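Only one chain is shown below, in structure tokens, and it's the form deposited in one PDB entry.
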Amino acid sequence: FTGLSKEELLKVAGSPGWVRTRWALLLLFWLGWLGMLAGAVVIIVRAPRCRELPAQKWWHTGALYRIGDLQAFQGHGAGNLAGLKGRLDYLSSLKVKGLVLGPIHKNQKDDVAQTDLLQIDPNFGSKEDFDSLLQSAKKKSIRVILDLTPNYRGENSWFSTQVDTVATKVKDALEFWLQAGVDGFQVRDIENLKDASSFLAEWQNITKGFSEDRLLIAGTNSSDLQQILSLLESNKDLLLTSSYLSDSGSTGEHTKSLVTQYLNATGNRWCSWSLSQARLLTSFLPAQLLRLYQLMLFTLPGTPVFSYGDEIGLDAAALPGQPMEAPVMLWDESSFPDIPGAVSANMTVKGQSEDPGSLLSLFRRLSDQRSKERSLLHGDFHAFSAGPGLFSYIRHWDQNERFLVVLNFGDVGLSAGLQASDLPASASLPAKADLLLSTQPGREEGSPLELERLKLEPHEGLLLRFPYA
């Protein structure tokens, strides 16, 4: 039609001059395709490899939730394991990865003759109530860690008698409890146990013998670094919770010195961050620093350990007539019969789950971030110099979303004063970075903020986030 015809083409395209060009062009295409395929393999080979995951355990992936007094956790009505069964929904909402149950064995007094570890107190339920909790917890991916300290109703944690009988009954206790199905153990106040290093080695030996995913935690009241490192010379997978981070915090420089000097001393092993073995944060900090500290413990390289009520800022100093060793959790304003009417709208769990400005909302947002990003889970931690009273550090694993946390512990506002030439070139801070959340509400989120002229407010923490560069 518009073009030439078949006969005209055959007369003009059958002669030499066209059959050569199309054959030459066909060869050129085939050479190019192989040239592209060879070029791709060159680029693939001359490319950096991707780093390998470190095969995390079940306690590397989130915080732990210590509960001391099961009776006071619910208050009245329910005071056994069956009472806790209905409250696992709240803990699952908190995105915790473990439960350090309080002692449950029948302990009467300092008499060791009838103090045994292999049966549960009648007030806490029985075996069928205990075991039903474990599998129900598994259905929610919640691990249960059983505490066992032979003397908790008295002033001495391990009696004033010898240590032979308590050790052998504790050894028999584990053999029973691993068969029961518990996912770990905890012992508190080991400084009252003679030569605790040897027994801890045996307990770690036996517990890890049953399985590789088991845990053992030890608690101490000492804050001296040399004393703390004394127990870790013979154990490598030991979680030690102590008062090292406590007894200070009025200045950010002291915390920076405490954290940095601890990590290089232990060689950047896996550690646990907690202000005390069995007491809340409010016993060591003013009411204005709970938001800042909960930001620090959820980004430091370890396994944060919290007591019950620390997500709502529960404090016994704001309510008269509350024992320091067993405060009652405030489900609502009717949970404390004594001096009624003093409980406000922000001192209840239900009074903070709908306000995106309360501690519980901040706890849940931080908890989700910790158990989601690879940088927070198993990323390297590097801290750099900053202004006076400023603590700043960066988390970065291989190439994932880098995080930047800046904390100002001072009571006066100042500039961040961030500087370069002190970080590895893999994750050098860029000119601008996104902001995820801030301790003090009032700022925007998602906008790329500048770091050269960044300003800070008293008792404020920032959680920035910048991409691979």
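In this text, the rigid core denotes the largest set of C-alpha atoms whose superposition between the two forms falls within 1.5 Å. The first residue of the shown sequence is 1; numbering continues from there.
There is another form of this protein, the form deposited in another entry, and it is not shown here; the text below is about that form.
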{"query": "Did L26 shift 2 Å or more between the shown form and the other one, C-alpha, core superposed", "finding": "yes"}
{"query": "Exceeds or equals 2 Å, Cα of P424 between the shown form and the other one, core fit", "finding": "no"}
{"query": "Shift of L449 between the shown form and the other one at or above 2 Å (CA, core fit)", "finding": "no"}
